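Asker: have a look at this fold, sequence not included:
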């Protein structure tokens, strides 16, 4: 396979109020549904361009 | 949308002889219909040239905006308009009559798990980033004061014949 | 960005007591990481200990259990000579507690 | 006072996949079958102009 | 290979109190007879989910197997006095009723089994709200949903309807809608758990896993395609039983085939197993996942 | 167009004084019968404006519904000696009508009901300007225009015809042309408001909306084909009525939701009730707007 | 020519028929959530009194 963009992924370990532990991830601007709601990545800056030649 | 020509529009009202007032408009060399004849414009004024490399954003019931980017006729990825339609109901409900770019939804099959993450471009970021009024060259682009459409405020005089 | 979609959160008023003890302090100030603090919480039941400073800018909440456990979180400061007194409370009544430690300059 | 801890593992840059395909090694296995001329379907024109799908 | 659409696992009963006059040909349900509450379930182009899930229980079979609770009253009258409790939760149910059928049941928002009927001589209209005058009256219950039942006791009282952009669906008051309401009908699936209510879900994920359950095979009767045969009379592995029945590797892997001494050619059922739904990102065991048309009052202002 | 072609709401009477010889099939007007003063209105390629809006009343139906008044005389004699009042208003109209007709009603200048009458057995010609001596003669009248009656409460007496450069249009006379005069065969629509005259307009702009009047809602009962039912008997919210009725969100939003105690299934019309016209920039609801074919006498000097 | 403007007839002047999409619902004068339509029958007319031969 190939790659067109380096999405900055941040593996987050969401800890609920009762004590539930859930490990997820956020990239670019996508959201992940949880039990309390949905967290998403806001402003980004870290990015690498030039992956079509690999 | 985009702007291909700047028509010199003048909001002119007509006060009839009896007392009735009718507010109309005249652009370039257009004509209207009243209760006593026909009004028209013979000479325009000024004229902004070169607007094919710019686009505007209109919001129903809200302000306007401007984008410093040329318009593209084909829906491609990474462009302000990768998923287009034809009406507001076709966007709020995602009607099948709209167009989109092929191979846009990223699929991650995991035996029994499915995760579809798309890198959709949020138009509200550009709408809130470049919102009118905006200072462009010597002119000042702003919203409209009557009919729905993009307008422009100049700093010259009025040289026209009715 | 954390968006909530109507999530009910309940809480039970705990009434257990726990005495916290200072351990050490190693980290940095005015940096992205912070300063890791070490606390020795000794309680007799399973609850939750709450701690805070004086002006109300710092808050420390650590899970309290039955026995002596070493807990702590990462705190942020803007001074290498941290001498802020904390007020920890296991059920409502606060207790005096002073911390100290030498930090390093890092971004 | 209750906290909503969101633990961060590390800063990663995931790649956005697109066009992908599977590949591997293979080994052809040929079969020999010689038949004399004018026997069944043994001809000169049928041997020179032969279709692979048939 | 292809499982039949009439072999009902378990008891195979499709009747309810008050409209049980069809118990002569609907208790149990087999090739002999014509049950009114099962003929419309096999119509092509009407209930695709019931045709996809062949060897699976229904709502009535779940009621008879002590799975889904019963309402009170379970069979109310339409032309009765003092109003009708079986109408406030049915009016928001956008369904359709053909002809002939007199009674109709529906899965209410209380997680119970409710049904309405009209006194003779009155049948159902185009929807099934009031009665009218007209041929014959099929003494049964016309189904208004496309749900499937299963034997499970998974508790799920900590899960409720948490749809986005929905103010109040059906009769259950979700969130406080201070603005206006967009009263309109649409399509939306749902799932009912144990000791809970009718939880509505916008999206769902179905999972099928094959096991060695007796309700995951089918056999064709013969002397000693073709017709069906009762699989409960087949012996187990390492033992004996009533009659005999052989099969391939799938049917022989769980039971024991007697070859020439068998009377039914068993085979694997291509459409069974345990069906689980995914709610809130956690796989759970549902009890009645349907797909009807309800009145969803979305936001507007 | 409109699906309701022969079904006429309310009374549906199409008979004029002096030609009451078709009340057996035109009183009321249903799918059956043969009314000569209604069959020619639904002809393809003749009166498309009547086919576009067919849920409202006609001219005679508006006269019988206490909407359009009657002239004097309402039905003039087109054969009596010493002239007749229905002559100048007919010679200025260039309309066509088939043979075997005796009467031909139209609209006068005061917005009343002016028509002609032919004594038996005298038939009309191709233009209808004069009668003549005598298959079977029609027992009714022929609509010379293409208008529909409706109930409105919008005043428009000051909105007189302002056709500039025209001496005499249709039947009314704006002034006395003493110099040049250009006579041509042009089509000009007309509109009649409340307490006004036959106002002529250039362009025609239609508008379709709904309201809460019983005329904008239809209903049918269920019995052992299509059977009409009086929708005016549906009770209101918190009021009284006669027979109950239920429907969808459009019909239930206007009346009271009954469902279990309803006797019919009410529905919503296909856009009818209030038809406004765009005149003087604003939107007003006329009474009998049409699109006739007359002779317009424009000026020149 | 649509059925909404077929009452005029086959004219011998310059004209055109355009169909523009409009929103529906109860907010614009409708009883269904489906989008409505707007039939346009605009014809050209002369407003002057003379003519020019270029």
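Answerer: Okay, I see it. Numbering: from 1, shown residues only, chains lettered A, B, ... in the order given.
Asker: what's the closest non-adjacent residue to residue D:10?
Answerer: residue A:11 (7.1 Å; C-beta to C-beta, 6 or more residues apart in numbering or on different chains). Where C-beta positions appear, they are placed from N, C-alpha and C, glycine not excepted.
Asker: secondary structure element for that neighbour?
Answerer: Assigned by DSSP states H and E, residue A:11 belongs to strand A:6-15.
Asker: quick check: buried residues in that strand?
Answerer: By 16 or more other C-beta atoms under 10 Å in any protein chain shown, the buried positions in strand A:6-15 come out as A:6, A:7, A:8, A:9, A:10, A:11, A:12, A:14, A:15.
Asker: circling back to that earlier point, which residues does the residue nearest to residue D:10 contact?
Answerer: By C-beta atoms under 8 Å, 6 or more residues apart in numbering or on different chains, the contact set of residue A:11 is A:23, A:24, A:25, D:8, D:9, D:10, D:12.
Asker: any idea where the strands of the chain begin and end?
Answerer: As the question left the chain open, I've gone with chain A. In chain A, the strands defined using DSSP state E lie at A:6-15, A:21-27, A:31-33, A:37-40.
Asker: the chain in question should be chain G.
Answerer: G:15-22, G:36-43.
Asker: next, format these as JSON lines and append distance to chain D and mean neighbour count.
Answerer: Output for those, formatted as JSON lines (distance: least, C-beta to the nearest C-beta, whole Å; neighbours: other C-beta atoms under 10 Å in any protein chain shown):
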{"stretch": "strand G:15-22", "distance to chain D": "35", "mean neighbour count": "11"}
{"stretch": "strand G:36-43", "distance to chain D": "41", "mean neighbour count": "13"}
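Asker: export the ones you listed as a markdown table, with columns for distance to residue A:42.
Answerer: Shown next, in a markdown table, are the strands of chain G (distance: least, C-beta to C-beta, whole Å):
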| stretch | distance to residue A:42 |
| --- | --- |
| strand G:15-22 | 36 |
| strand G:36-43 | 40 |
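Asker: residue in chain C nearest to chain G?
Answerer: Nearest residue of chain C to chain G (C-beta to the nearest C-beta) works out as residue C:5 at 24.9 Å.
Asker: pretty sure residue E:214 sits against residue E:232.
Answerer: Yes: using C-beta atoms under 8 Å, residue E:214 makes contact with residue E:232 at a distance of 7.3 Å.
Asker: so residue E:60 sits in a helix?
Answerer: Yes: counting by DSSP: H, G, I helix; E, B strand; the rest coil, residue E:60 is located in a helix.
Asker: contacting residues around it?
Answerer: Applying C-beta under 8 Å, 6+ apart, the residues near residue E:60 are E:13, E:14, E:15, E:16, E:37, E:105, E:113, E:141.
Asker: restricted to helices, list the residues you listed.
Answerer: Judged by DSSP state H, these include residue E:37 as members of helices.
Asker: out of the contacts of residue E:60, who's nearest chain C?
Answerer: residue E:113 (29.5 Å).
Asker: ok, the closest one touching residue E:67?
Answerer: No: using C-beta under 8 Å, residue E:113 is not in contact with residue E:67; the gap is 10.0 Å.
Asker: which one's more surrounded, those two?
Answerer: Comparing residue E:113 with residue E:67 by other C-beta atoms under 10 Å in any protein chain shown, the one with more neighbours is residue E:113, at 21 against 18.
Asker: how near is the residue nearest in space to the middle of chain G to residue F:277?
Answerer: Chain G has residue G:40 as the residue nearest its centroid, 1.7 Å off, counting by C-alpha atoms, centre = their mean. Separation of residue G:40 from residue F:277 (C-beta to C-beta, to the nearest Å): 17 Å.
Asker: can you tell me the SS state at the residue in the stretch 151-300 of chain E positioned nearest to chain B?
Answerer: Nearest residue of the stretch 151-300 of chain E to chain B: residue E:207, at 5.4 Å (C-beta to the nearest C-beta). Following three-state DSSP, residue E:207 is assigned to strand.
Asker: for it, what are its contacts?
Answerer: With C-beta under 8 Å, 6+ apart, residue E:207 has these contacts: B:112, E:275, E:276, E:277, E:278, E:283.
Asker: 10 Å instead, please
Answerer: The contact partners of residue E:207, taken as C-beta atoms under 10 Å, 6 or more residues apart in numbering or on different chains, are B:111, B:112, B:113, E:273, E:274, E:275, E:276, E:277, E:278, E:283.
Asker: now do the same end-to-end measure for stretch E:223-240.
Answerer: 20 Å (C-alpha to C-alpha, to the nearest Å).
Asker: could you look up the SS state of the residue lying closest to residue C:46 once chain neighbours are set aside?
Answerer: Nearest residue to residue C:46, sequence neighbours excluded (C-beta to C-beta, 6+ apart): residue C:65, at 5.5 Å. Counting by three-state DSSP, the backbone at residue C:65 sits in strand.
Asker: wait, residue C:65 touches residue C:90, no?
Answerer: No: the pair residue C:65 / residue C:90 is not scored as a contact, 11.6 Å apart, by C-beta atoms under 10 Å.
Asker: nearest the geometric middle of chain D, what residue?
Answerer: In chain D, the residue lying closest to the centroid (C-alpha atoms, centre = their mean) is residue D:23, at 6.0 Å.
Asker: looking at the strands of chain G, which is closest to residue E:297?
Answerer: Among the strands of chain G, strand G:36-43 comes nearest to residue E:297, with 22.9 Å by C-beta to C-beta.
Asker: which outside residues touch that closest one?
Answerer: Contacts for strand G:36-43 (C-beta under 10 Å, 6+ apart): B:89, F:203-204, F:206, F:208, F:271, G:1-6, G:8, G:11, G:13-25, G:28-30.
Asker: the residue lying farthest from the centre of chain E and residue E:244, how far apart?
Answerer: Residue farthest from the centre of chain E, counting by C-alpha atoms, centre = their mean, is residue E:260 at 38.6 Å. Noted for residue E:260: a distance of 10 Å to residue E:244, by C-beta to C-beta.
Asker: overlap in contacts, the two.
Answerer: residue E:224.
Asker: mind listing what residue E:176 touches?
Answerer: With C-beta under 10 Å, 6+ apart, residue E:176 has these contacts: C:6, E:167, E:168.
Asker: scratch that, residue E:12 is what I was asking about
Answerer: E:6, E:26, E:27, E:28, E:29, E:30, E:35, E:38, E:57, E:58, E:61, E:64.
Asker: quick check: it vs chain B, distance?
Answerer: Between residue E:12 and chain B the distance, using C-beta to the nearest C-beta, to the nearest Å, works out to 31 Å.
Asker: and the closest residue to residue E:253 other than its chain neighbours, what helix or strand is that in?
Answerer: Leaving aside its chain neighbours, residue E:253 sits nearest to residue E:212 (7.3 Å; criterion: C-beta to C-beta, 6+ apart). Per DSSP H and E, residue E:212 falls between elements, in no helix or strand.
Asker: quick one, what contacts residue E:212?
Answerer: Residue E:212 touches E:237, E:250, E:253, E:254, E:255, counting by C-beta under 10 Å, 6+ apart.
Asker: nearest to residue E:196 among those?
Answerer: Nearest member of the contacts of residue E:212 to residue E:196, counting by C-beta to C-beta, is residue E:254, at 33.8 Å.
Asker: tell me who's in contact with that closest one.
Answerer: So residue E:254 contacts E:211, E:212, E:213, E:214, E:216, E:217, E:234, E:236, E:237, E:247, E:266, E:268 (C-beta under 10 Å, 6+ apart).
Asker: over to residue E:13?
Answerer: Counting by C-beta under 10 Å, 6+ apart, residue E:13 touches E:20, E:23, E:26-29, E:35, E:58, E:60-61, E:63-65.
Asker: how about the closest residue to chain F within the stretch 201-301 of chain E: what's its closest non-neighbour residue?
Answerer: Closest residue of the stretch 201-301 of chain E to chain F, C-beta to the nearest C-beta: residue E:295 (8.0 Å). Leaving aside its sequence neighbours, residue E:295 sits nearest to residue E:92 (C-beta to C-beta, 6+ apart; 4.3 Å).
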